[PDB]
Each structure stands twice: as structure tokens, then as C-alpha cells.
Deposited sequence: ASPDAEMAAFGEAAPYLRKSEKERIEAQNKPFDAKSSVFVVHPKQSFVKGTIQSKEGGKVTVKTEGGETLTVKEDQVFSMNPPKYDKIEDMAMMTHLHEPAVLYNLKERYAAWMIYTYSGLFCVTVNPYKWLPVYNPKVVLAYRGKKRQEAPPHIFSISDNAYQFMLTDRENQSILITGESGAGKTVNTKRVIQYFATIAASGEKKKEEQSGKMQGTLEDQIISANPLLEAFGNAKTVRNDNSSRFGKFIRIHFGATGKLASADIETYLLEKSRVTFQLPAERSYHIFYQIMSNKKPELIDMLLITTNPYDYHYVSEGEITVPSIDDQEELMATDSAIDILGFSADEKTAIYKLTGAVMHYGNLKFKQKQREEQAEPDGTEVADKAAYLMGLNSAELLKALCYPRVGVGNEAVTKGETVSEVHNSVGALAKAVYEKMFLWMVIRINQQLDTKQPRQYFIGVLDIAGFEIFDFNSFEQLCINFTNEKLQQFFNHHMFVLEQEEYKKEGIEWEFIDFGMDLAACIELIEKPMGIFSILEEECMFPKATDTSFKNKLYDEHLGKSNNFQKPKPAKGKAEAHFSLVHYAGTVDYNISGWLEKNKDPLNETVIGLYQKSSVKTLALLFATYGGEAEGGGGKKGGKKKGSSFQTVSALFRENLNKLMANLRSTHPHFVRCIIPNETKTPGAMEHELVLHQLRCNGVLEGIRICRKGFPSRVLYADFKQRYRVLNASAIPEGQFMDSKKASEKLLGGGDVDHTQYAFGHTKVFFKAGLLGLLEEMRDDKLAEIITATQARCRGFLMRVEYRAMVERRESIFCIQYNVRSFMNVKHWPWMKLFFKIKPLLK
């Protein structure tokens, strides 16, 4: 309260009033009966234990329901002292339910930032908050996370701190599902850096920023979950200087959703750019590109939806536009970009027909080709030929091959995608180029934004790539934690031995990335001119099946070819298209043309003209390496309800995320050592009362534990604090709880007593003053009707 001022307005969303707290922590609690429990419809709901079936349990509910569930379908409930704990990992009850429940409660109270160990959980508000408030920014400036409530700037500032304090580089790993809202955070983190440490005495700080809105036009789109979903991953290196002021940046893109460019689900839409451009805010563009304003003229981009109410395509177009400029692009390039982005639309309009009596493809017109050709700095003909009569090079020569209608339509689409991609890559590079300064760099802070392990009934190639990324990231953490943990027990002097927590995952990783592992078998077969998905499949089995544990054959319940056992769970993978997808087949004749375009930029993009998965790995390595020479800082973004409602949460939906997040695994690892750790004074005060009759701030706590019918095992002391297992501290409190009933109940009484004791002193005083009043009135009632008295009355005045 006193403290909070800086935020003031934000306060309510960060922390609660000092009594709201007090009124919550200091309330009645019955441990032995209060509990969390399993629940067929709702995941876990709370209840009170009624009876005990010897290994069955009957419980009442909170809503009113009675269920008899197993002994382990029943989970304890934290004392009220842990209501809306900033750090769930401080709880003495490391369960599945208690975690769900803590998040949930502080959300219904509009607190989106709650920590779970090292993590910084974040829940989508689905509404506006004064949190990103320009006052807060300062507030969180120069503060350890113990000096302030759970928030992202905490993480983000500490990084900075730590950056200069330890002289080590840092990282922030943001991760969550499609609708969790990471970009938002990422961006928000970024601003943070720029603000709190700017040297733009236009400027980096803007380019840095301006970056986003370009990438977003090209790599973002309306997903059925988000309205501005990130369809790619990213890694920025903010290179801080020596002083501590901004010096450079560095972007890198991973796994772009090439498919949007050509397709789109029914409730979704393609990249924004397209819709931006056809919006008509810059009419020249429309004529320049040779298109219309009606998207239904471009199949590639109107398969799903065209307009989104929450987005103003017109405004963005400029945003985008302007960003390009700031970004230092040449008009020409800025022209290539546009012109190139329209060609692609046109391609999807390119039509063909079967040559008569032949199964060959022949152009169905030179209307569109003409445009595509011109826009790319190509020749209509040359183009349509190459497309139709792909001139290959089998043997030591160049053999002209004929294609089918179906083959063309598909190749076209392949270039459309190919071109878009590349371009996107280029833009990034060009950005990076501007973001390159000469000034010295001493450290950087990496901000990684990528997707998290998502499980679908249908898991294809793309899923593997992402999952693999995450399973790595996870191990990355598990280790950092192992390293970290072990320092405490070393600092304190506890005697705890334990194996790296990462190790548990090495099994899965090796199976994927190692030489005779999935990828390899995948990338080898890609070399066999006559291999099949089926072929590949068998190779996969013959070599891993029965011999590898994490390797399994799918359990029918679409289809599946192989399941893997990732940390988050079992993923059923479908291998169909892989071979292809992995080959990135492109009509080289055409590429030829590009290579000699009049449109330099286009020419450039394709000068570098090996498998797909071959890089992904290389890039993913270059990354995980950059991640190592870093002090990892973790941020887990969460999505409350599919339905988009603030203050709400579906259970199992959040539960999911938690497992795949790492949150539930961090709790696990926590609960294996000595979770809760009490600082000695903090230990005295709160528990003295337990055997108060049994000094030093340390030796005391020691001495104290002398009493109690408690496991003298479950704890462990050390130089600054005691270590305790689970549900212990919970046990403590309980005893404590009883001890206050004693203390209070007795203190109440006297009061009560005393209270009335003063009433008697008043009653008594009053004794006569009443009478006086009593009798006095009565007189009058009698008198007022008496002649003599009325007389006296009229007369009483004439007197003196």
C-alpha cells in the first residue's frame, strides 16, 4: 500500500490491498477435511471430505455434489496463507490442482502475472489493462523480483541488471499456443529495452521497433484463435553496448507458414499484406500491381475470410509502408516487394488446359501470365514454356520434360510459395543490415519467440520440427534448473545429490537428431530417386522398432504411422508428404528465368540456387548454441478460454498448457528436493507459538523443531535457512491454527467480558437521571390539565 504508488493505478492488477490480503490469509481453515478432487466433467473441483471408505473417498463439492473417488483422486489444499501467491513454487502443496487453482484465482481478480518457479506465467486478459503503463515501466526499473509483484518487466529488467552485474549475456524465452498472445509480450518486452536504455541522442530504437509491423504484414494473419497470429518464429539479439546503452539488433526467422500463401482455412485468412494492399489506401498500388480491390479475384487469398472487424487494413498499409522506409529500403526494393507480392496473387490465377489428344498442359491464355511476367521482369512466353515444358537435366545433359495440368498448377503454387518465402527471408536480412552499426558490442539480450509443443489429432512434419524444438528447449531448462538448484544446496550446506534433470529427455532427442535417427532416415531416402513415403516408413521401423523405447507404433482410435514419447506426452505422427515437403521440389527452368530477371531483387533472392530438415537442424543448432552462452530467462504465455472471455478459464485447457509448458515439470523437479525454504526469522515469528517455551535467529529455529510429533527428516537446515519437503509447512500452520483459537478465543472473552463490564458502569450511572426524567414527565401529564397550573402558565410571564 505504502509501497505501491509508482503503479498506483495499475496496483490493483499487480497486487491487492493490504487487507484484501489479510482478510484472505487470516481466515478459518480445516486442513484434514478441505481438499481438491478429480472430476469427470470439470477437471478438478474443490470439496470437503465427508467420509473415508478405507481407500475410497466421499466428498462434498463446491456447488454441491457428492462423489466417492479413490484415495489418489484426492489432493490436499493449501492453507489460506497461500491464496494468490506470487510464486506458486512457494506453496507447500505442489500438486496439479493447486497450480491450476492459483492461476485461476488471481485471474478472476484480474492478475495476469503469476510466477511458477522461474517462469513468469502470463494469462490473456482479453481486455485492456493499465499494466503496460508508462508508470510501471519505471517502477520495475532497478527492482529484484522480490521487491515487486509478478510482472514481465520484472523479468525484463532483471535481465538487464544481471546483464551488467554478471557480465553475461541473457535470454528470454517466450512460448505458448497460437492464441496465448506472445507477439504482444515480445513486442512489449522489446519496447522495454528500447526505453530503459536508449542512445538515439531515424534511430535504432525505432527501426528496432518498426521492424515488427513489416514482418507482421508478411508473416502474420488471422487465425481462428488470434486475429494477428504469428505464423513464424523469431529470435532477436539486442546488442547492448559497454556502457549499457543500445548498440545493435539481430533478427532470425524460423518456420514460416508457407501454406497460407496458397491456402487458408474457412475461418482464417492469409497474410495481412494482401488484404492491406487491396484495401485501397494507396490506389496507385492497385493499378501498379494490376489487380483489383475484390479478393475474390485471387483464389490464393480468399479461400477463407477477407475481412476482420478488429483490423483496419487501410491504417496498416501505411504502417507497413512507412516502416519499410524507416527500415532503409530502396524505393525500388520497396517497389519489388510490392510488385512481387502481387505477382504471387496472379500466379494463383494462372490457368491451364489439356492439349488435345495429349495429356499435356497447355496455357489457357496469356492474360495473367502477361501481368505476372511483367511484374516480375520476365517474358510471358519463356515463362509459360518453362512451366509447361520443364527442361530438365537427367544424365549429363538437359532433357526436356512435359507436364500435366495437375502438375503445373502444383508447380506454380510451389514457386508462389517459394518466392514469397525467400522474399520474406530477404526482407529480414535487409532489416538486419540496417540494424547493423559500427559501435562496439559487449553483450546482448536474446528474445526468443516460437511456438510450444502443441498436440493435434493430426501431427505432420511441421509438428515434429516444432515439437523437437520444444523438447530441446525444455531440456535446456531442466538443466539450468539442475545447475541452479545444486548451487543452493551448496550455498546452504545441505547434502543433496542429484542427477541432471535434462538427462531424462536425452533419449527422445537422440532418436530424432542422431545419425540413424528419424531425420537422417528422412533425409537419406530423399536421395533415392524412387523412394516412397511408404518406403521411408519401413526404413523407419526396421531400424527403430522394438529396438527403441521412445519409438512406438500408433494405437488406432485421422491415421498415424508412428508415435513418439516426448516429455509432454505421446505424439502420433503421420508421414505423408514428408518426402516431398522435405525435397522442396522447384521447377528449375523457371528459377532460371528469375535468376535473370530485370527485377534485380527477384534476381537476387534466387542466386543461392540438400534437404529442408537439413537446415532446420543447422539453424536450430546455431540457436540452441546461442541460447547456451546465455543466462536463460523464461516466460510462459497462457490462454484462458477458447471462447475469448476475460476473467475466465477452461480448466483442462489451461491444464494442458501447463504440461507442455514446462510449468508442471518445474513443479515436479521442485517437489523432489526441498521445495519450501524458510528464512530463520521468518521462521521464528510465525511459529514460536508452537512450543514457545523451548537467542539466535538461527540456532533458535533449530532448537524449536525440538518439539512436535513431526518428521525430523523432512527438513534440513543450513546457513541461511531451513529446507522443507511438501505438506510440511502445511502441517506446521495447522498446529499453529489450533494455537490461535486458543490465543484468540481467550482474548475474545475478556474483551466480551470487559465489554459488558462498562455497560454496567453506564447502566448504573444512568440509574437516577432516568427517574428524574421518569417522574418529571408524569407530573406534567397530570398538571397541564389543572386550572391552577394553566393559570400560573399564562401568568408566569408577567413576572420578573
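Note: segments 1-3, 205-215, 572-574, 627-646, 732-737 of the deposited sequence have no C-alpha coordinates in the structure.
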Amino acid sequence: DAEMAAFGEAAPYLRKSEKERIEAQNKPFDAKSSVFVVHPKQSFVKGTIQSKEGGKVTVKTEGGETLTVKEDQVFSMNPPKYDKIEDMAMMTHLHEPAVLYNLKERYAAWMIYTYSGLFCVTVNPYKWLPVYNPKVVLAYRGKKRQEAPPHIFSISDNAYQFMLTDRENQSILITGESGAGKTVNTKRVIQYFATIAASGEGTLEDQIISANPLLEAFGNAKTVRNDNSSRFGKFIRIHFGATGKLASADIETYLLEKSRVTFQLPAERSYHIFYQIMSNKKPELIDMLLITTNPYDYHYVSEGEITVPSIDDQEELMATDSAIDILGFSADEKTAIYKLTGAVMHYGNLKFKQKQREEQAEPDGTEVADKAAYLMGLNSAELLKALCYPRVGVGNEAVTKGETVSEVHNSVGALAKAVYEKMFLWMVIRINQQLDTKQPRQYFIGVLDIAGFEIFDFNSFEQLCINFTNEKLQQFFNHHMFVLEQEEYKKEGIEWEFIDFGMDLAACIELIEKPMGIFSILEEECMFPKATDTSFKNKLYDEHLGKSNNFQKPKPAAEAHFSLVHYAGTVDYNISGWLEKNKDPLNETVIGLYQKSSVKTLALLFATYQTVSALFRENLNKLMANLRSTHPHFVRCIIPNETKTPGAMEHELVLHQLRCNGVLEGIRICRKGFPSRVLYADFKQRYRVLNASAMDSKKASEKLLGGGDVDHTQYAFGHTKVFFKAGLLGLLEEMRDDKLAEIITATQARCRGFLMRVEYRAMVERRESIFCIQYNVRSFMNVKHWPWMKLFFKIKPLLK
From here on, numbers count along this sequence of modelled residues.
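Taking the PDB entry as given, 153-161 carries the higher mean Cα B factor of the two stretches 612-620 and 153-161. The PDB entry records a higher mean C-alpha B factor for 401-409 than for its counterpart among 401-409 and 419-427. Looking at 627, 308, 131, 695, the one whose CA carries the top B-factor in the deposited record is 695. Out of 678, 343, 317, 267, it is 678 whose C-alpha atom has the highest B-factor in the PDB entry. Sort the modelled residues of the chain by CA B factor and residue 791 lands in the lowest third. In the deposited entry, the Cα temperature factor of residue 587 sits in the bottom third of values across the chain's modelled residues. The PDB entry assigns residue 567 a C-alpha temperature factor belonging to the middle third of its chain's modelled residues.
Sort the modelled residues of the chain by CA B factor and residue 44 lands in the lowest third. In this PDB entry, the Cα temperature factor of residue 234 sits in the bottom third of its chain's modelled residues, the lowest group.
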